[PDB]
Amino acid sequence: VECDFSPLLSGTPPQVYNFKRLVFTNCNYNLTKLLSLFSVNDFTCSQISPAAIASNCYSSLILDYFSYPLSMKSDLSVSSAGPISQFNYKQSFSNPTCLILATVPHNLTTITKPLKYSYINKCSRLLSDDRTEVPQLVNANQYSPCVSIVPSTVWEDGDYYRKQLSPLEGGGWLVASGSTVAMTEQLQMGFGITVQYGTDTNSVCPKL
């Protein structure tokens, strides 16, 4: 009962490529209660509406959250080759999904701002001819291949990261670069919601 959204509200939210995932089964939610704490700037979904997602019964509810600047809202779409959607964060194309951009108010003191917003601007793989670069696109529900060599906070805008791969990995080099965006007055976050429907398993139902 009463699925718990506190860990979203405690501490510094990770950057987009290090998004923290919360999974909910066999409990009951009030989504609009959580969103009342925030200034909601954007709310868009796919195969579901904002009204429907707050009042439907699921077999599973996944909620990713991270720090995200409102400047880069257009990067959060697969239509455009934005670095975020190619290399940092990508939602399932086969489940109903929603994406929420929100501003943490000042009265909400339990969330703490990082120094800045970081993100991966490139994650590619160098082939054995040492000439071809192949992009390494992030998959749905997975972190980027390049998170192993990119720190949780980009130190300097334009930093470059590389890792020599073993024969078991396929050879070549894994190359990444990170960029940073200046912190805003109030922290701005992203929230990705995914839901699954079952047959009898629909055990995440709204509270009333």
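The numbering used is simple: start at 1 and walk along the sequence shown.
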Between 63-71 and 38-46, point out the one with the higher average CA B-factor as the PDB entry records it.
38-46
The stretch whose C-alpha atoms carry the larger average B-factor in the entry, 162-170 or 175-183, is 162-170
The residue of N121, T109, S85, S124 with the maximal C-alpha B-factor according to the PDB record is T109
Checking the entry, which one of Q15, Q188, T12, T199 has the top C-alpha B factor?
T199
Here the Cα B-factor of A140, set against its chain, lands in the third termed middle
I53: which third of its chain by C-alpha temperature factor?
middle
Would you please rank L31 by its C-alpha temperature factor against the other modelled residues of its chain and give the third it falls in: lowest, middle or highest?
highest
Can you tell me whether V78 has a C-alpha B-factor in the lowest, middle or highest third compared with the other modelled residues of the same chain?
highest
Using only modelled residues of the chain, where does the Cα B factor of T153 rank: lowest third, middle third or highest third?
middle
